[PDB]
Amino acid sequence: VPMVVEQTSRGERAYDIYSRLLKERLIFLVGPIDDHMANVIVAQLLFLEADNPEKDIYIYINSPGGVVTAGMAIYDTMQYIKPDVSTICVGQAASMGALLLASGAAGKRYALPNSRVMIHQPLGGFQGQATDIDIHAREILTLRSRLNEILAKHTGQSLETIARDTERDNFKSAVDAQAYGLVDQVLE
């Protein structure tokens, strides 16, 4: 957890490497998506918006996905705040991670040459995470359709195409993800 120190007008101040990159409006979405990591990302997005509502924000995504409602919290925050939120896939983006990648500002969604994208949403992401919550079948079907509609909107694919392809738990290459409309450009 490396640090970097900057000498300011009021002394020297230390950051961890992630906080230092946050100073440059860089957010890291890494690891499984759950409530804890989704809320810290929402907090970072809101912080950057208040600091400057005009400059783009960048989310670097390396994630196998995870909890749907946690991912939706990030999605809604990305869409609401004034700044454009650019997304870059490094490593992989699956399930909710793939959805958030595809939901970056139009024209500003990127994948690196060896990254991979899987839109498939496993059952695990829809189930209750709290002991006392049982997520029922109809709520799952509603959420699955809602996610498909979001993907269709941001990719330009038809709803029927998204619904067919999301059943398959296969990865798309960066080139294939770009052609599908999940990202705008492969960075080479």
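Residues carry their position along the shown sequence, with the first being 1.
Averaged over Cα atoms, the B-factor as recorded in the entry is higher for 71 to 79 than for the other of 110 to 118 and 71 to 79. Higher average CA B factor: 152 to 160, of the stretches 152 to 160 and 120 to 128. Looking at the C-alpha B-factors along this chain, the one for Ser63 belongs to the lowest third. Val40: CA B factor lies in the middle third for its chain, per the PDB record. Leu147: CA B factor lies in the middle third for its chain, per the PDB record. When the modelled residues of the chain are ordered by their C-alpha B factor, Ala14 lands in the highest third. The entry lists a Cα temperature factor for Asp176 that places it in the lowest third of the chain's modelled residues.
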